[PDB]
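One chain comes next, on its own, written out as structure tokens in the form deposited in one PDB entry.
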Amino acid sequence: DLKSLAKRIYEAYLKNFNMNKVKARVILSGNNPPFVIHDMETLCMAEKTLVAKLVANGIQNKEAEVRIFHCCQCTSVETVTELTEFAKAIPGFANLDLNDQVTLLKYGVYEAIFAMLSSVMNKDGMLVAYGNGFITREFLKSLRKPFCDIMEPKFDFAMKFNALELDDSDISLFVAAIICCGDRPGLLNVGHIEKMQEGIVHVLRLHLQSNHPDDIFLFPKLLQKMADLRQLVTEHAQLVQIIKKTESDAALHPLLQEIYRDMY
């Protein structure tokens, strides 16, 4: 039954996420090749094709860094929708009280986002806009403060995460395990969530044993990555709060504002 459950989770991941690691690698390797964004000229060209409404405002267009942050938020909002549907495949999740489902997704979505971002990142840049753009790591570092500080820790995480050489069958189970953490603040049926966590982590552990016979510590490596992601999210939320307080034009989408509210 555990092998079947691993396959169910993998299939739910392939169905519900618009991007997966095979699809990303095909694009990153070289009919609609990605438009490369490496400077302000190519950002503005890319926007006019890929997000035309955002730059259709003349001198009322927002600052480039704020437009970029807006596009970052749109990607998060979409990934939150995909993760919410994916979670239905996790045994026990749909049997939880609605409020506990909300809490698990609230704390888990950005850990899952940054884990899955690794699949579209290499040391030079990342895919964006449903695989139709590639924005360089150096360009994002070139942005004015504080916006240059958003992505670099995520690239740092991803380079090490990618060196583990996971595939989508592994990542799907890892994302399921992120969602099933019984120590999230405010949970009301901790006991049932802990059993749900134990079950998915057992599936993950057996799958990694089978799929990565060469790396006998891969399961504890991934437990550590889960803790590293929690710290990355706490730090990310702190930076978002700086942006919120100090950048009046960088409006936060209400769904993400609710995720961040009372989080850490």
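Throughout, rigid core stands for the largest set of C-alpha atoms superposing within 1.5 Å between the two forms. Numbers for residues come from their place in the sequence shown, where the first is 1. Only residues modelled in both forms are compared.
The form deposited in another entry is left out here; the points below concern that form.
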Exercise. In a fit on the core, which one among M226, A64, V55, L239 has a Cα that moves 2 Å or more between this form and the one not shown?
Worked result: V55
For this session: Over in the other structure, so in the other form, do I68 and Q60 pull closer or drift farther apart at the C-alpha level? The difference is 3 angstroms or more.
Result: closer
Exercise. Considering a change of 3 Å or more, are the Cα atoms of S76 and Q60 closer or farther in the other form than here?
Worked result: closer
For this session: Spell out which consecutive segments of 3+ residues have Cα shifts of at least 2 angstroms at every position between this form and the one not shown, with the rigid core used for superposition.
Result: 31 to 33, 50 to 53, 55 to 60
